[PDB]
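Heads up, the chain below is alone and in the form deposited in one PDB entry; it's given as C-alpha cells.
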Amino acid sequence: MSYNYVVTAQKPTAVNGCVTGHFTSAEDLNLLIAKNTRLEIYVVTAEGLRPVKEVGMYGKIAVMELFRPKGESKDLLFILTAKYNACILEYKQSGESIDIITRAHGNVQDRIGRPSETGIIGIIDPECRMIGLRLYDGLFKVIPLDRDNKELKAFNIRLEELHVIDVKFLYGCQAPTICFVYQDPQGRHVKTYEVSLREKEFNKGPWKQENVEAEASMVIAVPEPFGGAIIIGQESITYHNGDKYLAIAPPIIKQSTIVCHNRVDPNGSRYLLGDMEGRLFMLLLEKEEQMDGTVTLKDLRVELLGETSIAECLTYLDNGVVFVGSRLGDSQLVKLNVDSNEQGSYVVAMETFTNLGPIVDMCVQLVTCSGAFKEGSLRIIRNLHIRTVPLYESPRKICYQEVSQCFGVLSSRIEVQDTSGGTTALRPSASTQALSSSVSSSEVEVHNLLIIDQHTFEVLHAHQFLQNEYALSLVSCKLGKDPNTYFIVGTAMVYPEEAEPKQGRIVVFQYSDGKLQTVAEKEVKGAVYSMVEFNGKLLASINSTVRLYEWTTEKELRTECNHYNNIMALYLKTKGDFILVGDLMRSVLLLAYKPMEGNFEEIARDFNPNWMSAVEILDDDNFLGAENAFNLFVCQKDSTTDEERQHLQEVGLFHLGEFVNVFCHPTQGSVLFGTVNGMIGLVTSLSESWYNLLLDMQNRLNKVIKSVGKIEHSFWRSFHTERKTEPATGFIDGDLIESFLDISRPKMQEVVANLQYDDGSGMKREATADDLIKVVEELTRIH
C-alpha cells in the first residue's frame, strides 16, 4: 500500500478573476482577487491596496460576483466553485474580529447535462431578482433571490440554443432578461429571453434576434441610460438595443482577439478592452440626450491606450489606476494619463506582481520555464526568493548541463508572413538577441535552442531550427562509451496543410567555445514527444511508438527496440530498467528493458481511463499520475497469476485542484511539481503509522476548522471526474495538517482530545497538544 503527503510550497500566482465593489463596508472600495482556490480581499486606500484577508476556499473559484439585494447595507458575494458549490457570503467585522458569514449555500450540479465548451458562466440580475448560471449545454439554471424563505429552490429552463458563447442580464428591464451569443450551423447570433420566475420558463425577449460576426465572443450589458448590449468580435464591435444597431469595424482590433473588458464609468460611457497581445483599448460610447429625458447611444469609438501584461481580467480602481489581472504573465497596477510618453503610450506601470504561471517545465535550487508569448521568462526559486529572467518569447523545455555551466532552453517566437519573401519578428526577444547565433541544415512559430549562462542567465547562443520545425523534447546527458555531454533535441515538422506530424528529427548538439555544433541527426516518421537518458542509451517517444536508441562509436543513433502499444506516448520516466509511459488518452503503463533480450517487455498497465498531463516514478513499485480533471493518483504493481501482475492498481486518489505540467525529484522522498496556475507543490511518501496518525488528525481538524461557503474538506479533496467521484485515499493534505500550528491553544486541545492511537512501529501513545506541535513543526521543514 502507498501513503502520500501533498503540501504547497508556492500558492497559485495566476489571476483568474477580479471584481470591485463594497464588500467589507458600504464606504470601502474593495478589490477582490481570485487566484484559483484563493480569494484575496483588499481596501482601496491612499497608499494603494491595503490587504484585509486572504481566504482559501475548498474549491476552484469559477464565479465571483458582488451583488446588493435591497435591505443590504453592503454588497454580498456570490461564489461558485468548479465542483458546483454555490454560496452567498457576508463580511462581518466587530471591532478587531473579522468573520465571513455563509448566508446561503448548496451544490447546484446536475447529474444530466454536459459541461459547456465556453465553461461555467455566472450572472446576477441588476435588480437582484435572481442568479443565472450557464453550467451545461441545453440548460439555464436560475437561483431565485428571495430572502423570506428557508431554501433558495433553484430550477432549470430548457435552452434551444445548445451552444451559447456568452450571456449577461440586461439593464433597464421590467422583466429579468438575458442576452446571449449562440452558435448554430447558420453561424453566430445574438438573442434575448425574458425570465419568468412564476412560470419557471422563458418568454419572448425585448428585441429580435440579430445575426452577428462569426467570431462574436463576448456580451457586455450596458447600464442605464444606454441599456442594450455590446457584442465584441474578432473584426467588429456592435451595439444592439431594440430599434438601435451600431457597428464599427476598426482595423486596430483585427490583429488580436479581445479577451477581457471592464466598465470604467458607472453609466457605461467608457470600457477597457484587453487583447491576447497585451494591448489595452478604450471603448467609447458617445451619447445623445433626448428631450424626453432618455439618453441614446449616437456612436462607438475605440482607441489604443498602450500595452499591459497579457490580461485575463482588468479592473478600474480609482484615479486612473487599473489592476491588470494576468494569467500568462505578471499582474500589474497601471496608471492612465492623458499625455503620451516617448513611444506614444498613455499607460504607465505602477507595480508588478510576480506570476510563475504557467510552469510549462522546470529544473533542480528550482528553475522554471514560466509564462507564454511576450511574458515568457525563467524563474529561479530558492530559500521563498524569486529571480526572474525575461525572455520576451515562449520558453518550452529546460535542461541543465553541469559540465558546460549552462542551461538548454527550447523556445518559440511569433513571426508574421509579410508582403516580402519570408517572415519577420514583431518584437525583440532572447532568440534574436543572443551573443552568437546559428541556423539548422538538411503568423508562424520560429523554434530555437537557447544556451543560457548558469550565473548571469545571459543568452550565450541561439540555434534556429528548420522552417516549420517545432522543438518538442530536450535532454542533457552522456551516451554510450562517449565521454562527451550533449544537448539532444526532439522535433516535429508542423506544416500549414496537415494536422498530424508524420516527420521529425533527433538532433545531437555539443556546446563549446560559445557555439553549438551539430554532432548527429536522426530522421523519425513522427513527433519526438519525450526523451530520457536510459542507462547510457536514448529512450524516445515518436507519436505512438516508444523507441530505444544506441549511440555508436561512429557518433550515430541506431534503433535497438520498439514498443508500439500506445495512442500518444507523451511522457517518459525511468528508474533502472523500468519505464513509466504516460499517454495523452490511455492512462499509464510500465515497461521493462530486458538487457539480455535486447527488447522491451510490457510489465503492467493502468486499465483506467485517464487523460494524462504528467507522470513520475516514486519508487520501483509506486507510480504517480496527474490528469486533466486536476486529480493525482498513485499506481502500484498488484502484490500470483500473470494477468494479475499485468494490472497496475490505483491505490492513491486526491483532488489537487491544479493542472500539473512537470514532476521532478517523518517523510521519504521529495517530488516537486509545477502547475498551470504557477502553484508549486511537494509530494512525499509516508509510513503506514505516520499516515494513520495524520489522517485521524485531518478528521479532527475538519470538526474544528470551518469552511467558507460550508464546503466539506472531504468533498473538496475527493477524486472527481465526469465518469466518477470517489473519496480521497492514501493522501494527506499537508496544507490542512500545517494549519494546526495557526489555530489557538484552546482549539488545539479540542483537536488532540482523547487521542493516543499512534502506533510508531509497535504500540499506542497518549497525545497532547505539544506532542503534535513538534510533529507538525518537523513537517513544515520539508519545504
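Between two forms, the rigid core is the largest collection of C-alphas that superpose within 1.5 Å. The numbering used is simple: start at 1 and walk along the sequence shown.
Same protein, other form: the form deposited in another entry, not shown, and the subject of what follows.
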### Query
After the core is superposed, which of these residues, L538, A614, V219, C260, moves its CA 2 Å or more between the shown form and the other one?
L538
### Message
So that I can tell if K287 moves, could you say whether its C-alpha shifts by at least 2 Å between the shown form and the other one after the core superposition?
### Response
no
### Task
Return yes or no for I603: a CA shift of at least 2 Å between the shown form and the other one, with the rigid core superposed?
yes
### Task
Spell out whether the Cα of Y529 moves at least 2 Å between the shown form and the other one when the two forms are superposed on their rigid core.
yes
## Note on the structure
in the other entry the CA atoms of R586 and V671, compared with here and shifted by at least 3 Å, lie closer
### Message
Just to spell it out: taking the C-alpha atom of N149 and the C-alpha atom of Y58, is that distance smaller or larger in the other entry than in the structure shown here, given it changes by 3 Å or more?
### Response
closer
